[PDB]
Every structure is written in C-alpha cells, then in structure tokens.
Amino acid sequence: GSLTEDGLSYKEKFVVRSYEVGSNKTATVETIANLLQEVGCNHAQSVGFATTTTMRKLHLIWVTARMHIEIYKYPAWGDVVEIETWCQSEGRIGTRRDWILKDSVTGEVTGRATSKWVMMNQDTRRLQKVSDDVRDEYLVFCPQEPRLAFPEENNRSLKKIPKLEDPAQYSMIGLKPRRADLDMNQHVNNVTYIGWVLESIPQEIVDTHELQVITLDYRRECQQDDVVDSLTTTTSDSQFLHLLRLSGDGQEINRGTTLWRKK
Amino acid sequence: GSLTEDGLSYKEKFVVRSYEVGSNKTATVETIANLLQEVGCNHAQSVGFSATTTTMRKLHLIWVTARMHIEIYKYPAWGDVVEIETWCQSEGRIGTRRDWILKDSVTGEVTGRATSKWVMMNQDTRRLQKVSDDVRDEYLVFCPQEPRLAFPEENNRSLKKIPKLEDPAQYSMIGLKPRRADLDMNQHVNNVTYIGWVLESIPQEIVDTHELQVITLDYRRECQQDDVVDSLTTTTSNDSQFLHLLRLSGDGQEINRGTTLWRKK
Ligand SMILES: O=C(COC(F)F)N1C[C@H]2CCC[C@H]2C1
Ligand SMILES: O=C(COC(F)F)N1C[C@H]2CCC[C@H]2C1
C-alpha cells in the first residue's frame, strides 16, 4: 500500500483468499492477524526499517507483550479489506501499534486491533525501557497527539487477565509447531499462539458462535522443539479464559480471553 | 487476475508477504503451493465454478487431487511480484490435469512450474470414478484442445512411479495433528498441509544448506480432523534425494507417498 498524506500512518488493501477462510466462507481470526502483521511490516519498510540505528548496535528488538483484536464483520472470500496502521509512544514503557479494518466498498469499520510492544535484548531476552535516544529516532513517524484505535477509558484491551485454575474445562494437549509456524528469523510466529489458544475452544462454539473479541498476553516464547497444552474454561454471549503452557513442567507461555456472539 | 485473451488460461500476480517466507527470506514451498491453489480457484470462479458442473452437483461428485508435482528454479523474495499462469486439460476418462507456470514479473523468466492430476470421486462414499461424457463436454470448452503441457519432456519426473518406504525409516516426525488453520472452508485438511507434514521429517541440516528443487506427492487417503500422522523419510541418493511416507500413527494406514530433490545453495 502506501503511507497517508501526512506520513504518520500506512494503508493497504488485501483481497481475501480461498485458503484464508473458514467454514463460514469469511476470513479466520488468524488470517486477520496475519494481515495485521503484514501491513505493519510494510509500514516499517516504507519509512526505513524492524529496528533503529541504536537498537541494532545494542542487540535490541521490539517484542509483542499483548494483542487485542475486536471484529464486527469478517471479510468474505473475494472481498477487499482496507487496513490502516500507525505507531505511538507509551514513554519508556514501550510502543503501541494500532489497526483499523474497513470494508473497501462501504467504507465502514469492520474491525480494529491494538498491540503493546516492549524493548528486549535479542540474546539474554531481558526486558528494557525505551531510551530517549531510541524515542527520538522513531517519534518523527508517529502522531504527536494521541490517536487511539480503542479510546474507551478502562476498556477490554487494558484489563488484567487472571491465570486459569486447574482443572481446565477444555484442553488440547501435545501441540507442536511445524516449519510453516516459524517466521523468517526461525522464531514461532505470534499468530500461531492465537491458533493454539483457539484449539481448546469446543467445536460446538465455533459452529454456532462468531469470535468477537480476543485478548492475548505474551509471557514466553515457545521454542521450535517445545510442546504446548491449550487450556480453556467458560467464565460466562460466551466468554472464555485461556492458558497456553509447556507440556512438561507446565511453564506459562500465554494467557488470554475470548468473547463470542451467537450467529 | 484475469483470463487470457483466448479464455483458455488464467493469470494472477501475487506480492510475496513477510510471513510467507522462510530463513532465506524467499517464499516457502507451502506458500507457492497455497498460491497455486488460489490462482486455480480464481480461474474456476472466472468461468462459473463456485468447483463442479451441473452434472457433478446432481451426482454428488467432486474433483480430488491424486498427484502433485512442483519444480522450482528460483523462490520469489519477500516483496517480489510473482506471476502464475494456470490452465486445465482433459486426460479422457482418467481425470483432469491442472498445470501452472510461475514467472518473475520483472524479467519475465520462468522461475517454477507445477502439474497436478485430479480424479472424479463421490463426496459421500469416497469411491473414485471415470469422467463421464456429459461432464467432459461441460468443461472441455474451457481447456485448450491441442495439448499444452507445463512438463512436456520425453522422460519427465512428474509421471514416475513412487515406491513405498521400507521400515525402518532413516528419519521421522511423530504425532503430527492438524489444527483449524490446516482445514479448508469445507472442513477437510488442506492439500498443502501434507506438503508441510512430509517436509517435517527432512532433517534441519538439509533445510539450512540445500534448496528444495523438486517435490512429487501421491495422495492415497485423506487425513481426518481427529487423525494423527507420522512423517517418515529415507535418503535414496551435489544433490540430495529423499523418499517419503505419511501414515496414520495408529494402524499405519498409508495416506501419502512422495519424493523430494534438493540442491546445494
Ligand atoms: O516496530 C516498531 C515499534 O513497535 C511497533 F510499533 F511496531 N516500529 C516500526 C517503525 C515504523 C513505524 C514506526 C516505527 C515503530
Ligand atoms: O477444476 C476444474 C478441473 O479440475 C481440476 F483439474 F482442476 N475445472 C474448473 C474449470 C477451470 C477450467 C476448466 C474447468 C474444470
């Protein structure tokens, strides 16, 4: 696509593909999640990026800490969806990347997303606050006045997610990543976690309901040779509490919540 | 994309995406396989197939993949535009063939090509059957009459008989299950998932040092949503050759067999 007239956001139109849709012939939440990360990459490339000059000298990367997605209408197979994305500072806590999905024909908002990214060393995996010299390097590509995709004060994207208590109501055990699940850098794609979380949602809910909200908290990366267990409990529209953990020791890697509506 | 001037083939340009590339920052063979099935679906839709005829719908009949052969000379890089041209052709009452040609949008050179053999089957009973004349006439008007082969060679590798892998296998990837992302719109496992499962038993060292040049896959059975697969591999060979076997974890029922050919980077 291209940067908007002010250079402070990026837009891209995607045509939804045959293998990108589910049983309802509309894009899956993982296809939407894939399209959000693609428009985010093109926005970074269009302004010279995904690290700054300081970041590569210090072996620093932006890592996902939290992802929140709300979908009102899933684009059908053959439909064009327009996604607009931008970044914003959260001082020294990290960066936020926001998205707005629109119907290319009507112009209506059909979905929206927000993500929280934190600075981390590539080698030790130790968290880090954003330095001023780093902030100066990317502020010129962000709106100065706040531009929020989810502007509601105390909303679903900032809610504290509790840890799921054993025994879980549902579970999908023995989940492993394949080469298609890794990115260009050999790490498991952040979208795979969405898929693994939804694997423990019972098929009856998937057949009768539509996923409206998904909030995911990223605690630890699943390695190529790791095995995950996906756990789910109904906390309620249908509401679920989720937990991804290592098959062996039970080390937590993700926690989240989903909200579904009757079709 | 669109049908060509004669309406006997379809072309589409795809821009390669960030999540669609592997370690070498070029499209994976599963991304290529996904793009081939996407250009095939748009070709069917552009001539009124949204993918059976009136006779096929009335008789609960569908086209199923029996064999897929893909040969790649250059994998498109992240950001590159790849142009795929696809067409179909009759093989009398045996079935249909769908062929593909991948081209570099900048140079116009052929960077890859594929051929597939499809057979008619009843959706419910899963029993194969020959292409009837009533069906043949309904789709012949969308195929070239003179043969148009992507792999025309006198002794091409797309028609070679694949043997069954003998136990013990040299390599293996056990306990492979499909997730919802592996199913298509009809809830059946996507034919591309089998390519990935086959490659899961190729050792990582081969993937890091070699590039996949040829892959031939034979489809014997479909893996159900609640099935578990075992991927087996044995080296049969500057170039590396492998013999593959996908089978059910339990009884050892065969679902796929294939071969791969790799070349040093
Ligand atoms: O990768 C980041 C920061 O994390 C998150 F926001 F994507 N970026 C990408 C660069 C291009 C857009 C502004 C710059 C911030
Ligand atoms: O899908 C097929 C044939 O099955 C298989 F070979 F792909 N089709 C759909 C139409 C495309 C032009 C020929 C028509 C027959």
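A, B, ... follow the sequence lines: proteins, then strands. Residue 1 opens every chain. Every number for a ligand or one of its atoms is a count from 1 in the order of the listing. When reading the values below, keep in mind they use all heavy atoms of this one structure, side chains included, and skip hydrogens, waters and symmetry mates.
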Colleague: Between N189(A) and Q37(A), do the side chains contain an N or O donor and an N or O acceptor separated by less than 3.5 Å?
Modeller: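 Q37(A) and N189(A) do have a side-chain donor-acceptor pair below 3.5 Å.
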
Colleague: Considering only protein heavy atoms, which is closest to atom 5 (C) of ligand 2, and at what distance to one decimal place?
Modeller: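 Protein heavy atom at minimum distance: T96(B) OG1, 3.4 Å.
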
Colleague: Which ligand 1 atoms, with their elements, are less than 4.0 angstrom from a heavy-atom of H43(A)?
Modeller: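 Heavy-atom distances to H43(A) below 4.0 Å select 12 (C).
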
Colleague: Any side-chain heavy atom of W100(B) sitting closer than 4.5 Å to one from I70(B)?
Modeller: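 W100(B) does not reach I70(B) side chain to side chain.
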
Colleague: Which atoms of ligand 1 are found less than 4.0 Å from any heavy atom of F49(A)?
Modeller: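 Matching atoms, with element in brackets: 10 (C), 11 (C).
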
Colleague: List ligand 1 atoms under 4.0 Å from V47(A), heavy atoms only on the residue side.
Modeller: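 By the 4.0 Å cutoff, the relevant atoms are 11 (C).
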
Colleague: Side chains of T258(A) and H242(A): is there a donor and an acceptor less than 3.5 Å apart?
Modeller: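 Distance-only check passes for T258(A) and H242(A).
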
Colleague: Are the side chain of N185(A) and the backbone N or O of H187(A) linked by a donor-acceptor pair below 3.5 Å?
Modeller: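 No; judged by distance alone, with no hydrogens or angles, the pair does not exist.
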
Colleague: Among all protein non-hydrogen atoms, which one is nearest to atom 7 (F) of ligand 2, and what is the separation to 0.1 Å?
Modeller: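 Of every protein heavy atom, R98(B) NE, 3.6 Å lies nearest to atom 7 (F) of ligand 2.
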
Colleague: For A44(A), counting its heavy atoms only, list the atoms of ligand 1 lying under 4.0 Å from any of them.
Modeller: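 That gives atoms 11 (C) of ligand 1.
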
Colleague: Among all protein heavy atoms in this structure, tell me which lies nearest to atom 8 (N) of ligand 2, with the distance rounded to 0.1 Å.
Modeller: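 Nearest protein contact, heavy atoms only, for atom 8 (N) of ligand 2 is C88(B) SG, 4.3 Å.
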
Colleague: Is NZ or CZ of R148(B) both nearer than 6.0 Å to the six-membered ring centre of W87(B) and within 45° of the ring axis?
Modeller: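 Yes, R148(B) lies over the aromatic ring of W87(B).
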
Colleague: Can you pull out the closest protein heavy atom to atom 3 (C) of ligand 2? Residue, atom name and distance to 0.1 Å, please.
Modeller: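 I find the closest protein heavy atom is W63(B) NE1, 3.7 Å.
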
Colleague: Between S158(B) and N156(B), is there a side-chain donor-acceptor contact under 3.5 Å, judged purely by atom types and distance?
Modeller: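 Yes, a side-chain donor-acceptor pair sits under 3.5 Å.
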
